[PDB]
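The chain below stands alone and is given in structure tokens; this is the form deposited in one PDB entry.
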């Protein structure tokens, strides 16, 4: 019979033994196990998406992206376990490298040295260069999606909200609902953006840098619109030029209705930070997304001079450009290479 964990089927087969519960993911239980072929412990996510089109779409997109990508700073998929036939397939199990920790757990307990902040930021941006070069947006960068091994090598994980970039279709109305983690949302999400531009990810990286400098989230909004008031409470009121860039009247008039808010100087919020780190932070946390630094510029910033080497910051060879029954078929096909 199958391996059981907490009374539930976790059917990973004889390759993977000595299971240990980790937690609940979006579509199922997550465990670690021992890989008897590669002789290391691995992470395994159980995914049961087939009852809903949206679950199928997020699962298929992540599988397609991660199987195409190959980069040192991006988690891979090592194996995918599923039944031999579509009729018998109800779950899929995704096997990935098991890391030591994530940046969320590290920031809860550990002060980061400036050298560690620098190195972590370099690797995040190196991975993001590759993602963005493939015309993909991650859309949910945050500390728990940054994994670290025992020597502080970093991998970006969780492409369950990723999308192909679509800057020509980014505009939306004021107060449009959004899926990604609140605290890392750029201001434009709450104003006029669907999060279909690369600048969405740079904002989230800027939030992560701020969180590495102080061990606390910089903009911990409690609800949708509070997120924007946190952002404006530090950046201050937008300039006329930046407001003029927001054509949507409801969004612009919301911003015009607010009392004046002063900018909080970065060196006052982060009195212990390197001055070059704060200059780069300022450029990532720029209100106007068109003025916000892009990933390659960030890599070239003086803060990262010890690491920057564009020849060793690879790009993707092959950038990217339905009812649930059809999506089940595509998942079955996309996972076929892992069958014996």
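Positions refer to the first chain, counted from 1. Here the rigid core means the biggest group of C-alpha atoms that line up within 1.5 Å when the two forms are laid on top of each other.
The gap between residue 321 and residue 322 holds 4 to 9 unmodelled residues of the deposited sequence. Look at the mean CA B-factor for 59-67 and for 46-54 in the entry; the higher one is 46-54.
Set 216-224 against 146-154 and average the Cα temperature factors; 216-224 ends up higher. When the C-alpha B-factors of 240, 73, 229, 181 are ranked from the entry, the top spot goes to 229. Highest CA B-factor among 79, 102, 115, 87, as stated in the entry: 87. Placement of the Cα temperature factor of residue 109 within the chain: highest third of the modelled residues, per the deposited record.
In the PDB entry, a CA B factor belonging to the highest third of its chain's modelled residues is recorded for residue 29. Residue 271 sits in the highest third of its chain by CA B factor, as recorded in the PDB entry. When the CA B factors of the chain's modelled residues are split into thirds, the value for residue 177 lands in the middle one. Split the chain's modelled residues into thirds by C-alpha temperature factor. Residue 171 is in the middle one.
Heads up, the form deposited with a partner chain bound isn't pictured, but that's what we're talking about next.
Residues with any non-hydrogen atom within 4.5 angstroms of its partner chain in the deposited bound form fall in just one of 60-68, 287-295, 300-308, 33-41: 300-308. In the deposited bound form, its partner chain lies within 4.5 Å of some heavy atom of residue 119.
Put simply, residue 149 is close to its partner chain in the deposited bound form: some heavy atom of it is within 4.5 Å.
In the deposited bound form, its partner chain stays beyond 4.5 Å of every heavy atom belonging to residue 244.
Taking the partner from the other structure, its partner chain in the deposited bound form has a heavy atom within 4.5 Å of a heavy atom of residue 72. The partner is absent here, but in the deposited bound form a heavy atom of 106, alone among 95, 156, 106, 134, sits within 4.5 Å of its partner chain. Site annotation in the deposited bound form: the residue of 85, 267, 239, 110 reaching within 4.5 Å of its partner chain with a heavy atom is 110. Judged against its partner chain in the deposited bound form with a 4.5 angstroms heavy atom cut-off, the residues 325, 328 and 335 are out of contact without exception.
With the two forms fitted on their core, the C-alpha shifts between this form and the one not shown stay under 2 Å for all of 117, 243, 234, 152 except 243. Relative to the superposed rigid core, the position of the CA of residue 176 differs between this form and the one not shown by 2 Å or more. Core-superposed comparison between this form and the one not shown: the CA of residue 316 stays below a 2 Å shift. Residue 26 is among the residues whose C-alpha shifts by 2 Å or more between this form and the one not shown once the rigid core is aligned. Between residue 293 and residue 173, the Cα spacing is larger in the deposited bound form than in the shown form, differing by no less than 3 Å. Legend note: Cα of residue 177 to Cα of residue 226 is at least 3 Å farther in the deposited bound form than in the depicted form.
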